[PDB]
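What follows is calculated from the coordinates using simple rules that are stated; it is not laboratory data. Note that we place each Cβ from the backbone using ideal geometry, even for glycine, and neighbour counts take in every protein chain shown.
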Number of protein chains: 2
Amino acid sequence: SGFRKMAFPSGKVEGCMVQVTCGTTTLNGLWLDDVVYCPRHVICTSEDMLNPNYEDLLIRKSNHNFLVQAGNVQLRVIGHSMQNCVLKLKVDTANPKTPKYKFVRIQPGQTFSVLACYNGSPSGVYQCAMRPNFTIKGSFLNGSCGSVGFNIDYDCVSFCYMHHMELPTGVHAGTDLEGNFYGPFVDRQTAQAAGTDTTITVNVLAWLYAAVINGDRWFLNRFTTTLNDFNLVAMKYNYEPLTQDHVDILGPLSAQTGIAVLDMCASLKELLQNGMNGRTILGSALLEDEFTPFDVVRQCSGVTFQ
Amino acid sequence: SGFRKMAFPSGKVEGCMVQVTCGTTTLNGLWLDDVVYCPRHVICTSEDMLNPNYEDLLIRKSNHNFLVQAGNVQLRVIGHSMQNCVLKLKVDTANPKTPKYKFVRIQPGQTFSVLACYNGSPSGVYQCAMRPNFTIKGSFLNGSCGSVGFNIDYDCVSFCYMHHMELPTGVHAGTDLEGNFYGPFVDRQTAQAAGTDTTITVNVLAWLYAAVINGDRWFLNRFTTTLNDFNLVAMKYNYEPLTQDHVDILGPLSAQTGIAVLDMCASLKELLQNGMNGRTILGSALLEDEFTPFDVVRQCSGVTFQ
């Protein structure tokens, strides 16, 4: 019956994108209630991006030096201000297509959908993970700053990401929706380091369960092993250690399939020490870590949706 | 700046899904104007699916034996009828969220987005290819029949697929929107054959161009070769032959990157005869054929969207 990397429907979010402009720079903004969210470097030129003094740069604009635009319609300004690395504009219309929504600060290894936008218009949507080094491997061209990430919650859009930076190494960086960067980075054109990205072990395991459920099941073997024994090897291959909170949330798949977490680890242990590069699981010739246990459970069951 | 498998925004389509029911069976339907589209086997039980006489089964229902439902709201019936393997219900409301749209019959190797739905509600969206054997490798659980595929066109939704069948081999089958199956299949629970799925050669090539543009560029080499020379090998590895229409549409990428189609073929020729299984391109440890040349051109350029 199959297993696809899929994203959440993006309807609820498309009606919230707008374009923000501040005499020259245009990027994307998130229009909820009577408030537009957007990255604060929209008040910078390209020169200014070497070292922005955001204090001094913002103190010069004003509630008209900012060009918000939702559909036909310009909107009008009423209040501006900076919440960490986001600006929060005030404007003269509560947004009717505003949905039930939260903001939250997700953690490394959780997944979400990105709605890539250009000049306030949607381009596409894809499902990505937040790397353990708090970057994402996204797909963004210039102008896409302000595109948002959203996981879901359940009928209630949980905004988790705003895109700000492409690093000079190729990877992508951004904030949560009240402006707090994920990871060390700053909004400043500099060669800054992420360093070591690890493979998300709990996600690889959930994906192995998804494989068994469909029946790419060749990779299994009856070795057993301990946490301790498995976590030793995982550190050799830069896989995240797997603690007891991970074993627990895999329990549901443990039960539906008949396979203890620690037995699945053993077959993965061995996929790692060799890489039986004969074959394929769910097609992929590499081990997948962008599905969480919750994702597999939805793509299997809990989403024959209402 | 990166390269993701991404789907089109699904906003325009979500507002067109409804649930169709005919005393028991519920599947998904496409509600445009004052017409609902849905698979015709919604008038079958599970027993009946062995050998349905659609003639005789339809002649028994009627414009009330059918339970359409869009949001709150039931709708009312007015006319029913069967267009090949789809039913086209009449009902008492033109659908306001109906968008500009066409139907067309796409060809093997073209790509589109699927909006997987359950009981008329959206579950997710993903970007898949139509295999040369006119199947798709989708992700569908029971109830998802009537989920639609749509490529786009340009601001105008082009509906290209309706899901009908999971084959007893795992792959998926369906029709265009005026009811014509893609491939040989019939809407009838039987062990029926697709046979040989080939790799879509023009798509692999466009993906190799996408790789160079980002700069996973190791796989290139200065062998040259002829069409003839390349197509000989491709048939050894069940890759589709590549004719002159394919060389042409690759021309745009040929130009932006500095690499003739036939030179790129040569590096692929050799990826094929060995599989330099050392490495990775765009991450993938296998050759990708679910991006078309148009997709790469959009994911690179023509979609800094308006």
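So for region B:23-34 (the condition being in contact with an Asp or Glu (Cβ under 8 Å, 6 or more places away or on another chain) and over 26 Å from B:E290 (Cα atoms)), does at least one residue qualify? Scanning region B:23-34, I find at least one residue that is in contact with an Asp or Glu (Cβ under 8 Å, 6 or more places away or on another chain) and over 26 Å from B:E290 (Cα atoms), so the answer is yes.
Note on region A:219-239: residues that are in contact with a strand residue (DSSP E or B) (Cβ under 7 Å, 6 or more places away or on another chain) and either of a type in the set (D, E) or under 12 Å from A:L268 (Cβ atoms) (or both) amount to 2. With the structure loaded, tell me whether B:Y154 is of a type outside the set (S, T, N, Q) and crowded, with 17+ Cβ neighbours inside 10 Å or whether it fails that test. Answer is no for this residue.
Taking residues in region A:162-183 that are in contact (Cβ under 8 Å) with a residue 60 or more places away in the chain and on the phi > 0 side of the Ramachandran plot, and partners anywhere that are charged (D, E, K, R) and not in a loop (DSSP other than H, G, I, E, B), the pairs with Cβ atoms closer than 8 Å and at least 6 places apart or on different chains are A:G179/A:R40. Filtered by the rule that a residue be aliphatic (A, V, I, L, M), within 11 Å of another protein chain (Cβ to nearest Cβ) and out of contact with any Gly (no Cβ under 9 Å at 6 or more places or on another chain), region B:274-291 gives a lone residue, B:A285. Looking at B:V104, is it surrounded by 22 or more Cβ atoms within 10 Å (Cβ to Cβ), away from chain A (no Cβ under 14 Å) and among the hydrophobic types (A, V, I, L, M, F, W, C)? Considered against the rule, which asks whether it is surrounded by 22 or more Cβ atoms within 10 Å (Cβ to Cβ), away from chain A (no Cβ under 14 Å) and among the hydrophobic types (A, V, I, L, M, F, W, C), B:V104 comes out as no. Residue count for region A:9-19, restricted to those that are buried (at least 24 other Cβ atoms within 10 Å of the Cβ) and either at the interface with another protein chain (Cβ under 7 Å from one of its Cβ atoms) or without any contact (Cβ under 8 Å) to a residue 12 or more places away in the chain (or both): 2.
Please find, among A:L242, A:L220, the residue that is over 29 Å from the mean Cα position of the chain (by Cα), surrounded by 14 or more Cβ atoms within 10 Å (Cβ to Cβ), hydrophobic (A, V, I, L, M, F, W, C) and in a loop (DSSP other than H, G, I, E, B). Criteria check complete, one pass: A:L220.
Would it be correct to say that A:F181 is in contact with a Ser or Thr (Cβ under 9 Å, 6 or more places away or on another chain), surrounded by fewer than 17 Cβ atoms within 10 Å (Cβ to Cβ) and not basic (K, R)? No: the conditions fail for A:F181. Among the residues of region A:184-193, the one identified as surrounded by 19 or more Cβ atoms within 10 Å (Cβ to Cβ) and free of Cβ contacts under 8 Å to residues at least 60 places away in the same chain is A:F185.
Can you go through A:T224, A:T201, A:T196 and tell me which one is of a type in the set (S, T, Y) and closer than 21 Å to A:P293 by Cα?
Among A:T224, A:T201, A:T196, only A:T201 is of a type in the set (S, T, Y) and closer than 21 Å to A:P293 by Cα.
Scanning region A:111-152 for residues that are within 12 Å of chain B (Cβ to nearest Cβ), more than 8 Å from the chain's Cα centre (by Cα) and among the small types (G, A, S) yields A:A116, A:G120, A:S121, A:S123, A:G124, A:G138, A:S139, A:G143, A:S144, A:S147. Among the residues of region B:20-60, those identified as in a strand (DSSP E or B), in contact (Cβ under 8 Å) with a residue 60 or more places away in the chain and either buried (at least 24 other Cβ atoms within 10 Å of the Cβ) or more than 14 Å from chain A (Cβ to nearest Cβ) (or both) are B:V20, B:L27, B:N28, B:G29, B:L30, B:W31, B:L32, B:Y37, B:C38, B:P39.
If you go through region B:81-101 and keep only what is in contact with a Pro (Cβ under 9 Å, 6 or more places away or on another chain) and either in a strand (DSSP E or B) or within 14 Å of chain A (Cβ to nearest Cβ) (or both), you end up with B:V86, B:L87.
Against the conditions (1) farther than 28 Å from A:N151 by Cβ; (2) touching a helix residue (DSSP H, G or I) at 6+ places or on another chain (Cβ under 8 Å), A:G109 satisfies every one except (1). Residue-level check: of (1) within 14 Å of chain B (Cβ to nearest Cβ); (2) touching a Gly at 6+ places or on another chain (Cβ under 9 Å), A:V261 misses just (1).
Looking at region A:195-241 only, could you name the residues that are small (G, A, S) and free of Cβ contacts under 8 Å to residues at least 40 places away in the same chain? Matches in region A:195-241: A:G215, A:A234. Within region A:249-293, the set of residues being surrounded by 15 or more Cβ atoms within 10 Å (Cβ to Cβ), touching a residue at least 40 places away in the same chain (Cβ under 8 Å) and not in a helix (DSSP H, G or I) comprises A:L250, A:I259, A:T280, A:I281, A:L282, A:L287, A:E288, A:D289, A:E290, A:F291, A:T292.
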